[PDB]
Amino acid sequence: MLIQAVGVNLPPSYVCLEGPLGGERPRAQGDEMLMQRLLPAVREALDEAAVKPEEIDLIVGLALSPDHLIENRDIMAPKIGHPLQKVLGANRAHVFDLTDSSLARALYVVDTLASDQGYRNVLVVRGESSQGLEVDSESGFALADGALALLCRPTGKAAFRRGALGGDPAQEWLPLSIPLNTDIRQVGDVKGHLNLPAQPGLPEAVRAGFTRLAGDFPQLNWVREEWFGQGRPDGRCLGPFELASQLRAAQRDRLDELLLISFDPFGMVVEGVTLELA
């Protein structure tokens, strides 16, 4: 998998949440919806790579947000890849969604499918506009809002690793879940609740997982997602969106290859994919 370009568009408004899994993260406001940020991020990437919408072979979406996706804020399905195809004029694309996949896992799977199908231009998008989910007030866990666009050229050569978290190997980490709101009375009530129990050693265990996994490709520089504020400048973190500034640093540094490392709070694992750079 070769990364041709990256686009990012994040809300300017940040919200801080206390707790061992807390931090200061971008947050979509009021009525704002994902497409408002996703479309410019995608355009940014298309413009950088000099690829037209009609040249896109595949669009693959990753978005947990259960509403606030498009102009009709109550739509949850079909998923955002479809209206994205429409507003782009991506008239040659196949569109599907990978749900709760990590980005690293999605890139690997997509590299594999897309190289096997002979595709040349593949769009992977990750986004959130999470007003429809209640934050975890006990742990401080929340999703970063915003949009990331990766315009890729498949090679079928991306290598992949799925690794355990570090720290105490007997510790049963409690995963993220998103229960449905069973008391939806009014318009604008949340549709679900973020539930990630307070586990103060978790950020460090994730970092230790990253460091172990990076050892499978010890000559590659690596980039990673930052889902927690602990230990970070300003306590600020961008979740998977943190990847953008790091990929851009890599392009600036003229790297040909790198390791991209995701954290999956559903599986409580870390996942890495090896990528080429334009």
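Don't overthink the numbering: it's just position in the shown sequence, from 1.
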{"query": "Of 59 to 67 and 249 to 257, the one with larger mean CA B-factor", "finding": "249 to 257"}
{"query": "Of 94 to 102 and 114 to 122, the one with larger mean CA B-factor", "finding": "114 to 122"}
{"query": "Which of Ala28, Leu243, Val42, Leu213 ranks first by CA B-factor in the deposited coordinates", "finding": "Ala28"}
{"query": "Relative C-alpha B-factor of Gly209, binned into the chain's lowest, middle or highest third", "finding": "lowest"}
{"query": "Modelled-residue ranking by C-alpha temperature factor, third containing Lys52", "finding": "highest"}
{"query": "Where the record places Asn72 (Cα B-factor, split into thirds across the chain)", "finding": "highest"}
{"query": "Where the record places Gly166 (Cα B-factor, split into thirds across the chain)", "finding": "highest"}
{"query": "CA B-factor placement of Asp234, once the chain's modelled residues are sorted into thirds", "finding": "middle"}
